[PDB]
Visitor: 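First the structure, which I've put down as structure tokens, then a few questions once you've had a look.
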Amino acid sequence: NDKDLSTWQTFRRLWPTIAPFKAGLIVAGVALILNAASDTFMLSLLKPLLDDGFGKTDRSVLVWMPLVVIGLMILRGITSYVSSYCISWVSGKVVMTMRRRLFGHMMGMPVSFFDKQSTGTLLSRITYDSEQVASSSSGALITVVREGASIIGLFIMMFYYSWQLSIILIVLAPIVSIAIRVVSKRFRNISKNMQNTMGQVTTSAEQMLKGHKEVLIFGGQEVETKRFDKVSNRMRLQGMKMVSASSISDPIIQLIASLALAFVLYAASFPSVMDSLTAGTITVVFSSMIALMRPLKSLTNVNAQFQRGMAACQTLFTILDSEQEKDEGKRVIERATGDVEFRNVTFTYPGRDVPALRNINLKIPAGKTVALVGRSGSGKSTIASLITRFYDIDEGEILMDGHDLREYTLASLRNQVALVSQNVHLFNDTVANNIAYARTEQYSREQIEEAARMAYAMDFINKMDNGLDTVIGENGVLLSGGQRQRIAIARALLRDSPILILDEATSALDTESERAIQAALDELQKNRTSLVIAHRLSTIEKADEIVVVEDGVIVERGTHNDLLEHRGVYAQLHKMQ
Amino acid sequence: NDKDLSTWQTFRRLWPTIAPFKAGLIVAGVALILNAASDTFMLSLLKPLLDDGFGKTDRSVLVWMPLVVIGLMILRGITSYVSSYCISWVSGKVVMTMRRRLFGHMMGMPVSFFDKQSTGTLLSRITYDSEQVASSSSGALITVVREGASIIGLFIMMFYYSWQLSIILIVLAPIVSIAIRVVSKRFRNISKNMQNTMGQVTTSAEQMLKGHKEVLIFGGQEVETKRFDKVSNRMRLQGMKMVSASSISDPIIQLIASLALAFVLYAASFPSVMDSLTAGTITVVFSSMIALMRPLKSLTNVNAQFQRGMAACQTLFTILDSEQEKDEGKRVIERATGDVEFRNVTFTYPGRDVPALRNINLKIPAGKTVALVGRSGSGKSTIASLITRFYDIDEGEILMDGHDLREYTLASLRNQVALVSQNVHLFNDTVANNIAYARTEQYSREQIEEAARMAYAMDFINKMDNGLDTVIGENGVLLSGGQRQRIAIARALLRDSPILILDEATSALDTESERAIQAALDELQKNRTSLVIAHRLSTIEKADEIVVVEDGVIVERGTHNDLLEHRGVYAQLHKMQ
Amino acid sequence: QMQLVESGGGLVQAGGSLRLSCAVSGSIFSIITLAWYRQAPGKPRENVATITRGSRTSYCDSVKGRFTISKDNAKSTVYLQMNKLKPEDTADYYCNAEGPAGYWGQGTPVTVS
Amino acid sequence: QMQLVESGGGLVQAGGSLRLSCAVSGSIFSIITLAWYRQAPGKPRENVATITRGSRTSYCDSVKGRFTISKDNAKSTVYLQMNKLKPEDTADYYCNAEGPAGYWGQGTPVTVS
Ligand SMILES: CCCCCCCCCCCCCCCCCC(=O)OC[C@H](COP(=O)(O)OCCN)OC(=O)CCCCCCCCCCCCCCCCC
Ligand SMILES: CCCCCCCCCCCCCCCCCC(=O)OC[C@H](COP(=O)(O)OCCN)OC(=O)CCCCCCCCCCCCCCCCC
Ligand SMILES: *[C@H]1CC(=O)N(CC/N=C2/CN3CCN4CCN(CCN(CC3)CC(=O)OO2)CC(=O)OOC(=O)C4)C1=O
Ligand SMILES: *[C@H]1CC(=O)N(CC/N=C2/CN3CCN4CCN(CCN(CC3)CC(=O)OO2)CC(=O)OOC(=O)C4)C1=O
Ligand SMILES: CCCCCCCCCCCCO[C@@H]1O[C@H](CO)[C@@H](O[C@H]2O[C@H](CO)[C@@H](O)[C@H](O)[C@H]2O)[C@H](O)[C@H]1O
Ligand SMILES: CCCCCCCCCCCCO[C@@H]1O[C@H](CO)[C@@H](O[C@H]2O[C@H](CO)[C@@H](O)[C@H](O)[C@H]2O)[C@H](O)[C@H]1O
Ligand SMILES: Nc1ncnc2c1ncn2[C@@H]1O[C@H](COP(=O)(O)OP(=O)(O)NP(=O)(O)O)[C@@H](O)[C@H]1O
Ligand SMILES: Nc1ncnc2c1ncn2[C@@H]1O[C@H](COP(=O)(O)OP(=O)(O)NP(=O)(O)O)[C@@H](O)[C@H]1O
Ligand SMILES: [Gd]
Ligand SMILES: [Gd]
Ligand SMILES: [Mg+2]
Ligand SMILES: [Mg+2]
């Protein structure tokens with residue numbers, strides 16, 4: 001959660017990030033000072049032009065005055081370019097760094113986090129929030145520093161010619177400051193509400209796009225359209241709140257600083273102020289008040305813009321100091337020696353208050369196969385997900401090679417497991433890239449072909465019009481279901497991991513295809529550790545230990561023949577299949 | 001695709017959208033005229049203040065001058081508020097309408113479109129592109145119209161006091177105009193490239209988030225991080241191109257309009273121009289040529305901002321005039337009478353140059369069941385998807401009740417089909433909402449409970465801590481695989497559609513669960529057209545016609561006993577299962 | 001529309017040899033299943049032989065080892081080969097394309113002395 | 001750790017009645033499978049009776065209709081009931097929890113005159 005801090009506070013938090021890029025900031029500050037000096041000197045040129053008159057005084061200034069103007073414009077252009085380029089460069093580097101940090105943070109979150117989240121919300125953090133940071137820090141930030149520097153120059157030029165009027169400017173400045181204070185807080189609150197609504201908009205569009213087929217066959221167009229109308233109208237209304245605050249704050253602040261113009265006119269009318277200086281300083285003074293009212297308008301509008309990025313930065317910080325996957329193990333394993341043991345483990349899913357597994361005393365020896373069978377919802381995929389530390393157990397210990405799983409580095413632990421999940425997910429790339437997903441430089445194309453041949457996928461790959469270089473859809477949509485399953489099987493088989501978990505990996509396949517895959521698995525996994533979750537008993541008939549699970553407890557365990565004796569649960573499953 | 005048009009052309013294209021909201025635009029134009037008048041009159045007040053001197057002339061004007069200033073500020077604030085609010089309101093309405101139109105267009109696209117697209121790209125169109133339209137048309141558009149009106153006021157005030165100098169202003173205006181022309185085209189091109197890169201950024205983040213489990217178990221963090229670094233650096237570099245054009249165009253345009261200041265100084269120095277008027281009139285001129293340089297800077301920077309939204313609008317138009325699902329059938333069938341007939345159909349998937357089905361002569365009579373069996377990749381889900389008009393056939397005819405499918409309204413046609421797909425997709429809502437997904441007001445909770453009981457889902461729903469009101473995950477992630485399958489089965493069974501298609505709807509289930517579901521199906525679909533795609537033959541033993549498919553051709557058809565005779569392909573499948 | 005026509009024999013003595021042919025047109029002949037059925041005057045149609053894409057053959061037990069079933073893709077013709085005929089084989093023989101619920105020909109009578 | 005202890009009988013005459021009990025502790029007794037096995041001096045362990053959560057019972061055909069297997073959840077005790085004993089039943093009887101690859105007790109000898 002994010003408490004509205006302030007602009008200065010979020011800049012202090014931003015500094016650890018902006019610190020590598022100090023040089024561009026320093027040069028841009030120098031350029032800004034020079035640019036403001038050029039602006040102020042140009043607007044000061046009046047007093048020579050007026051006092052040293054066109055014909056009243058000798059024409060000695062007006063001859064060189066045009067060249068002074070053109071040269072000051074030359075310098076002003078150069079310094080403005082340098083300042084803008086360097087500030088924009090620093091902002092772009094900061095924004096890219098924050099985007100990369102947010103991506104890495106999301107990639108390091110636990111599985112339960114993604115279970116309780118929506119993809120559209122996080123994608124909104126990546127797209128909308130960071131683009132608000134970028135838009136603010138690039139455009140609005142240049143505008144605010146340049147107009148502040150202009151204002152300071154006009155202040156300096158005014159305190160010089162006649163301080164007696166700069167004093168009223170001094171007294172009004174705090175009022176304008178505290179006004180901008182209050183409006184800025186309002187802007188930041190509105191911007192955070194807008195961030196949340198944009199997350200909702202993205203969630204709605206996401207859910208429509210990924211469930212397009214269900215929308216089409218169940219006639220959901222009305223419901224989705226109505227939902228999107230709701231969220232988009234809410235987005236419009238919050239933008240309207242922001243505009244209301246902006247267009248109510250700008251005129252009031254311009255009304256306040258106009259009192260300076262009223263005061264200078266009253267001071268001029270007063271019979272004791274003039275005659276101190278001739279036509280000249282007071283003309284410069286009135287021109288400088290009229291000038292000064294302009295950067296105020298610019299400053300307030302770009303403050304409306306700028307608080308959006310400030311709020312987005314505050315949200316970013318709140319996300320970046322969240323906790324990630326709990327990783328406090330430091331005993332990396334080069335290659336596990338197969339053994340996996342469950343000791344009286346009890347597991348409850350987050351916020352579900354009923355155990356999914358109760359007292360699991362299950363051994364998976366090295367080189368052996370355990371086959372998990374049982375009805376739907378009994379807890380087999382839960383055991384599979386506990387082996388990989390997707391979730392952490394509540395009681396008991398899961399040991400690998402004699403050591404607790406939590407003792408290990410997460411990355412080191414997961415390098416020991418190759419998993420074909422119940423729900424197959426593929427990436428929108430080629431078949432070879434999908435099979436060697438995260439190891440495209442480590443595995444030869446010959447190794448990829450051997451993997452695809454062990455997965456009975458080599459036949460339908462050779463019938464593709466591009467070979468192993470055919471691009472498959474977003475989730476392998478351009479493939480049949482069994483073909484996607486077989487590709488995921490090949491992906492897991494490419495890595496000769498000591499522990500291989502198949503989670504109903506023959507569900508979308510036909511009997512002959514599964515027999516071929518099972519024959520390949522025979523020789524490849526004769527000395528690997530294997531865990532097979534099957535709802536079909538023909539797949540698991542040769543497993544070393546069959547284990548029957550129900551409601552999260554092991555109810556029987558044994559070999560196929562010993563379990564076909566003993567006339568228990570497995571006997572009933574086998575008889576009715 | 002989007003050719004760069006111009007600013008005026010894209011506003012002509014957008015006019016039909018802005019037309020409903022003419023009144024706010026008219027009042028904002030009036031307010032803008034009044035605001036510019038107030039600005040110009042305030043900056044004109046110099047000449048009385050200078051000519052009618054502080055002590056040179058009777059003070060007279062000095063007495064009422066402060067009240068004039070405060071009143072003009074009062075009016076200026078009011079008109080600025082009205083103008084800003086109305087223009088922002090119109091822009092927000094336009095942006096909401098465009099967002100709704102883009103959502104509806106995407107919801108109406110064909111299935112092959114989503115097969116060849118990425119979710120992140122379209123989501124970028126919804127989020128980034130439309131928020132660019134919003135940011136431009138709200139902030140930058142107010143700024144550009146207000147500063148244009150200010151410029152026109154200064155032009156008017158200057159042509160009046162001394163036209164002899166306004167003439168050089170006149171000659172320089174076209175140069176500044178054509179410069180802004182050229183830079184605007186460059187800005188729009190950069191913005192379109194930025195739109196595409198942001199689509200790539202979203203695609204990368206999307207692919208990481210939805211394949212999080214595969215990243216974790218296959219160690220993909222390096223690859224995903226490197227990918228994201230590439231796209232984010234490309235985004236930064238294109239933003240840098242935009243900043244380069246901005247900070248190179250702004251100083252040059254300020255250099256050009258400064259020649260007016262040089263010219264007025266030279267004209268003053270020239271010995272034949274002065275003495276026509278008081279010192280104040282050329283003082284007003286120098287003050288106003290100076291003032292004039294300020295809205296130019298503002299205008300050019302917000303033009304950099306404004307072309308982003310212009311480009312995004314052009315992209316929007318290009319998307320909105322694309323073609324959608326081909327829908328040229330008018331007859332609306334209230335309730336189909338079951339019969340579905342494939343007559344000599346041949347189907348080839350888009351861009352695949354090899355048929356998936358070749359000569360399909362398949363009848364699905366009313367009240368009967370056809371069971372499609374065959375190896376993986378043979379073309380069963382293709383037939384299922386052709387019945388629903390997800391794709392259109394190349395030759396032959398698919399008839400429903402004697403009429404071609406294409407003769408019907410798409411929505412009317414799809415109201416006849418209830419489908420459990422091979423790949424189950426659920427929505428992040430409650431169990432009851434998922435079962436009655438698009439019909440939450442038409443079906444009673446008792447009907448939902450009956451559906452869930454026909455799908456054998458009533459047992460595990462009653463073990464949830466919230467009942468039928470339990471929220472399931474984003475894709476039902478908080479459920480087991482068989483539980484998700486059973487929920488989708490209940491969703492399809494809730495709607496007593498005349499044509500029910502099950503696409504391996506028992507794949508994630510255990511034998512006893514499938515037997516229960518099959519018993520419920522027996523009585524429910526005794527008079528309902530049914531098409532069952534099975535890889536297990538125990539599911540389809542009672543089907544009226546079994547059809548065996550291979551490589552996209554029907555190789556046998558018949559009843560279970562007649563096919564167990566005849567010793568063909570089905571006999572081999574049954575023997576080996 | 002795919003149609004399939006039989007060219008058969010006539011009357012043969014006991015222990016003789018016969019060969020029936022069936023031409024199938026309009027078919028994907030290399031993949032579909034083909035079969036030879038028979039029908040006595042009283043008994044219904046009974047599958048005699050079956051041939052499938054992989055040239056795999058099957059036969060009713062009471063006739064296995066006597067008949068043969070073959071198919072020529074280039075001529076797109078299916079063939080039934082008769083050897084050591086018996087009087088119980090006198091019946092009307094039909095060819096069949098893609099299953100008992102598929103497509104049938106006119107059929108040819110075969111008589112054994 | 002779940003452990004299961006047998007309380008059995010001793011020597012009984014032919015045709016007599018016996019009852020063996022087994023207390024199982026540390027178990028989810030309402031769900032796990034329980035069984036009674038027997039072992040003669042020569043032959044290996046052979047499953048005699050099985051009982052499962054739904055109180056469903058099973059027995060070796062050579063003893064069906066004579067023995068009974070029951071379980072009391074409240075006392076968490078499994079029971080084997082002997083009727084019409086025969087000399088071939090003289091053996092060491094073990095109880096078993098959750099499968100032949102699970103947990104066994106000490107066992108009790110039973111002798112028939
Ligand atoms: C001289 C004083 C010196 C001492 C004080 C110095 C400090 C000053 C501090 C100023 C603080 C400004 C804060 C601005 C943001 C406040 C929030 C805001 O703007 O709310 C407006 C409100 C929003 O709508 P609402 O219905 O409340 O909620 C539904 C969603 N919009 O909308 C409303 O409910 C109210 C709408 C009012 C009508 C709109 C405006 C009409 C025209 C007035 C504006 C122009 C005035 C220019 C000057 C002329 C004199 C008045
Ligand atoms: C007299 C009448 C005249 C009338 C003229 C009317 C038309 C005016 C000209 C058209 C308007 C401006 C066009 C702006 C867009 C041009 C594109 C652009 O900005 O490109 C800059 C270029 C970008 O880099 P590049 O490698 O080309 O591309 C990939 C990386 N972005 O980067 C470069 O390669 C540029 C070189 C880098 C440094 C540029 C900045 C140097 C300082 C400039 C200060 C200007 C102030 C005035 C100085 C006057 C001096 C006499
Ligand atoms: C294949 C070779 C041949 O000539 N057959 C017929 C042999 N005579 C059979 C008598 N059958 C009569 C009732 N049948 C209906 C049930 N059939 C199964 C029981 N049959 C015994 C009674 C056993 C047979 O397969 O064949 O039977 C199933 C069937 O359709 O077979 O045909 C049949 O005669 C009718 C052959 O079967
Ligand atoms: C249950 C009741 C009983 O007393 N049994 C033993 C009966 N004698 C059997 C002789 N059997 C010796 C080899 N067996 C190993 C294979 N068994 C299947 C073949 N059996 C005949 C040879 C048939 C039997 O089930 O029981 O056999 C499988 C087996 O483990 O059974 O036990 C066995 O004796 C060893 C009972 O089986
Ligand atoms: C919005 C995107 C940002 C890109 C554009 C950057 C705009 C320029 C912002 C100017 C920031 C001013 O940054 C200011 O730097 C000083 C340097 O001592 C920080 O001062 C820091 O000093 C010490 C060590 O020196 C640190 O331990 C501590 O984090 C902080 O106190 C201030 O906390 C910060 O306010
Ligand atoms: C994007 C944010 C929305 C707020 C936008 C604020 C700026 C609005 C400026 C509108 C642009 C000029 O709008 C201009 O309107 C006129 C009519 O008035 C349109 O004129 C159109 O309608 C007329 C009358 O039917 C016909 O000649 C013809 O169909 C077409 O020319 C112009 O094509 C358009 O260019
Ligand atoms: N992420 C989750 N959060 C909460 N409960 C869950 C979650 N995943 C599964 N469950 C529940 O935990 C129990 C066991 O789930 P699971 O281990 O997936 O079953 P399974 O044995 O894999 N079933 P199946 O896939 O059909 O063979 C069931 O009641 C599930 O609904
Ligand atoms: N969207 C698609 N674009 C191109 N080809 C496709 C597409 N979907 C499927 N195919 C191919 O079309 C053929 C038939 O596909 P499909 O009809 O899905 O098979 P299936 O019979 O459903 N297989 P299975 O689910 O494993 O039983 C296969 O060669 C697929 O690879
Ligand atoms: Gd028969
Ligand atoms: Gd035995
Ligand atoms: Mg599972
Ligand atoms: Mg399929």
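As a basis for the values below, the full set of heavy atoms in this structure was taken, side chains included, without hydrogen atoms, waters or symmetry mates. First the proteins, then the strands, lettered A, B, ... as listed; each starts at 1.
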Visitor: Going from CZ on B:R486 to CD1 on B:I461, what distance comes out if it is rounded to the nearest 0.5 angstrom?
Guide: 9.0 Å
Visitor: Compare every heavy atom of D:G105 with every heavy atom of D:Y94, then report the nearest pair and how far apart it is.
Guide: CD2-O, 3.7 Å
Visitor: One thing to verify: whether A:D551 and A:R375 come together as a salt bridge, which I'm taking to mean a side-chain N less than 4.0 angstrom from a carboxylate O.
Guide: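 No, no charged N to carboxylate O under 4.0 Å.
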Visitor: First locate atom CG of A:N361, then atom CD of D:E98, and finally report the distance between them rounded to the nearest 0.5 Å.
Guide: 8.0 Å
Visitor: Side chain of D:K71, backbone of D:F29: donor and acceptor closer than 3.5 Å?
Guide: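 Present.
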Visitor: Is the NZ or CZ atom of B:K213 both under 6.0 Å from the centre of the six-membered ring of A:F390 and within 45° of that ring's axis?
Guide: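 The answer is yes; both the distance and angle limits are met.
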Visitor: Taking NZ, NE, NH1 and NH2 as the nitrogens, is one of them in A:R358 or A:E550 under 4.0 Å from a carboxylate oxygen of the other?
Guide: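 The answer is no: the pair does not qualify as a salt bridge.
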Visitor: Do we see a donor-acceptor contact under 3.5 Å between the side chains of A:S376 and B:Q483?
Guide: no
Visitor: With a 4.5 Å limit on heavy-atom distance, are the side chains of A:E504 and A:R536 in contact?
Guide: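 When only atoms from C-beta onward are counted, A:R536 and A:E504 do not touch, as no gap falls below 4.5 Å.
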Visitor: Which distance, rounded to the nearest 0.5 Å, do you find between the OG of A:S412 and the CD of A:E334?
Guide: 9.5 Å
Visitor: Checking A:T409 side chain against A:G329 main chain: does a donor-acceptor pair fall under 3.5 Å?
Guide: yes
Visitor: With distance as the sole test, does B:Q577 use its side chain to make a donor-acceptor pair with the main-chain N or O of B:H535 at under 3.5 Å?
Guide: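 Checked: pair present.
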Visitor: Nearest 0.5 Å, please: how far is CE in A:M454 from CG in A:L494?
Guide: 7.5 Å
Visitor: Within a strict 4.5 Å, meaning less than it, do heavy atoms of the A:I398 and A:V345 side chains meet?
Guide: yes
Visitor: Assess whether atom CZ of A:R343 is packed by more than 12 heavy atoms of other residues, nucleotides or ligands within 6.0 Å.
Guide: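 Incorrect, the count does not exceed 12.
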Visitor: If we ignore hydrogens and angles and just use 3.5 Å, is the side chain of A:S497 paired with the main-chain N or O of A:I499 as donor and acceptor?
Guide: no
Visitor: Pairing donors with acceptors under 3.5 angstrom, does anything connect the side chains of A:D503 and A:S381?
Guide: yes
Visitor: Would you list the atom pairs, donor with acceptor, under 3.5 Å between side chains in residues 40-47 of chain D and any protein atom, with sequence neighbours excluded?
Guide:
unit_1	atom_1	unit_2	atom_2	d
D:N47	OD1	A:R567	NH2	3.0
D:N47	ND2	D:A49	O	3.4
D:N47	ND2	D:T50	OG1	3.0

Visitor: Where the side chain of B:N434 meets the backbone of B:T430, is there a donor-acceptor pair that is under 3.5 Å apart?
Guide: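 Pair found, side chain donor or acceptor close to backbone of B:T430.
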Visitor: I'd like to know if D:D89 and D:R38 make a salt bridge, using a cut-off of under 4.0 Å between side-chain N and carboxylate O.
Guide: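 The answer is yes: the pair qualifies as a salt bridge.
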Visitor: Is there a donor-acceptor contact under 3.5 Å from the side chain of B:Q485 to the main chain of B:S507?
Guide: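 Yes, because the side chain of B:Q485 sits within donor-acceptor range (under 3.5 Å) of the backbone of B:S507.
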Visitor: Before we go on, tell me: are the rings of A:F347 and A:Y391 under 6.0 Å apart, centre to centre?
Guide: yes
Visitor: For the backbone of B:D510 and the side chain of B:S513, can you confirm whether one donor and one acceptor N or O come within less than 3.5 Å of each other?
Guide: no
Visitor: Is there a donor-acceptor pair closer than 3.5 Å between any side-chain N or O of D:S76 and the backbone N or O of D:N73?
Guide: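 Looks like no, no N/O pair under 3.5 Å.
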Visitor: Is the shortest distance from a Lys or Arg side-chain nitrogen in A:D392 or A:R406 to a carboxylate oxygen in the other one below 4.0 Å?
Guide: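 Yes, charged N to carboxylate O under 4.0 Å.
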Visitor: Side-chain contact, heavy-atom cut-off 4.5 Å: D:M82 with D:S17?
Guide: no
Visitor: With a 6.0 Å cut-off (strictly less than), is the heavy-atom count around CZ of D:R66, excluding the residue itself, greater than 12?
Guide: yes
Visitor: Taking A:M109's backbone N and O only, do any of them form a donor-acceptor pair with B:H212's side chain (distance below 3.5 Å, no angle check)?
Guide: yes
Visitor: How far apart are the C-alpha atoms of D:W36 and D:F67, what are their side-chain angles, what is the distance that settles it, and do they pass the ring pair (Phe, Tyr, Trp, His ring centres under 6.0 Å) test?
Guide: CA-CA 11 Å; D:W36 278 94; D:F67 292 3; 9.5 Å; no
Visitor: To the closest 0.5 Å, what do you measure between CG (D:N96) and CD (D:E6)?
Guide: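 Answer for the CG-CD pair, D:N96 versus D:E6, is 9.5 Å.
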Visitor: To the nearest 0.5 Å, what is the distance between OG1 on B:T506 and CD on B:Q518?
Guide: 8.5 Å
Visitor: Looking at A:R389 and A:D404, is any side-chain nitrogen of the basic one under 4.0 Å from a carboxylate oxygen of the acidic one?
Guide: no
Visitor: For D:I69 versus D:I51, what's the shortest heavy-atom pair and its separation?
Guide: O-CD1, 3.4 Å
Visitor: Can a donor-acceptor pair be found, under 3.5 Å and without considering hydrogens, that links the side chain of B:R515 to the backbone of B:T511?
Guide: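 Not confirmed, B:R515 side chain does not pair with B:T511 backbone.
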